[PDB]
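The chain below stands alone, shown as structure tokens; this is the form deposited in one PDB entry.
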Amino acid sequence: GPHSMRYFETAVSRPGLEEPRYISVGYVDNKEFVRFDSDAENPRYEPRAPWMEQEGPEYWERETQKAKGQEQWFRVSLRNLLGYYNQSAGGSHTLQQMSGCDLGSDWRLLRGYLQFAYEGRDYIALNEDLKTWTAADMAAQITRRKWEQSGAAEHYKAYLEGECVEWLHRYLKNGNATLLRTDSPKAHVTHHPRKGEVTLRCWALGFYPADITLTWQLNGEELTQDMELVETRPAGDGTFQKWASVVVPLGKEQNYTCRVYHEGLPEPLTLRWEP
């Protein structure tokens, strides 16, 4: 299957004397592995998964220096945007970036990503060709022209096709055992009267990674109506939780089954209300 690396960066300007807050988070296959935060007592990139302990001090020092450069880049970019949009001095504004690569199991780049948002709206993005830009509004046309003129896409392309790919591959080799780790969901169904109707709620607890699917069915057909799902949520101890519910007739509860699909399981779980 594929693999991915992403860096998600945010800079938030602050109306008083403070410089913008700058945070950068790296992910490999959607697992956080490094983080930098300008508000930390000692602002530096830090490992966030145990396999990043293979990197020497040079790695951390130079990545930290890179973040310090990004911090200035974001500061200037925020100030420039303030002018482009004619915004007043004493507000707070958010610039975000997503960058990275998707890599096949043959180590071929499938897609590179380099895009930005301002105030929660898409701003500019590098096209799939890694050569041209899509700009969302008037301000972003200014940026687009500046980057076309300076040849910025060529430099991003080099990062995406070279460094992004090569480092992802190194991280996957060092992180393999950790990246394969799973914790299986523990599941059960609860019963909650609701008018001759009851809510059946199928719980999945203590699972890792977060990816999971819960389904309800009746008489071999998967349900969609009368259904409620909560967003998958952290327990706070590194594992996750989720539930899914259906509203059913009083007296027919046992006819309904919940299925839990998760990569940790040797096969999907099937369960029923069992009072």
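In this text, residue numbers run from 1 along the sequence as written.
Count the deposited residues lacking coordinates between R79 and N80 and you get none at all. As the entry records it, the average C-alpha temperature factor is higher for 176 to 184, out of 124 to 132 and 176 to 184.
For the pair 152 to 160 and 85 to 93, the mean B factor over Cα atoms is greater in 85 to 93. Among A67, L223, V34, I212, the highest C-alpha B-factor recorded in the PDB entry belongs to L223. Of the residues listed, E63, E53, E231, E46, the entry assigns the biggest Cα temperature factor to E53.
Per-chain ranking of the deposited C-alpha B factor places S105 in the highest third.
For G26, the recorded CA B-factor ranks within the lowest third of the chain. Only modelled residues enter the ranking.
When all modelled residues of the chain are sorted by CA temperature factor, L265 is found within the highest third. Placement of the Cα temperature factor of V248 within the chain: middle third of the modelled residues, per the deposited record.
When the CA B factors of the chain's modelled residues are split into thirds, the value for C258 lands in the middle one.
Below, we turn to the form deposited in another entry, even though it does not appear here.
Under the rigid two-part model of the rearrangement between this form and the one not shown, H155 and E197 move as members of distinct parts.
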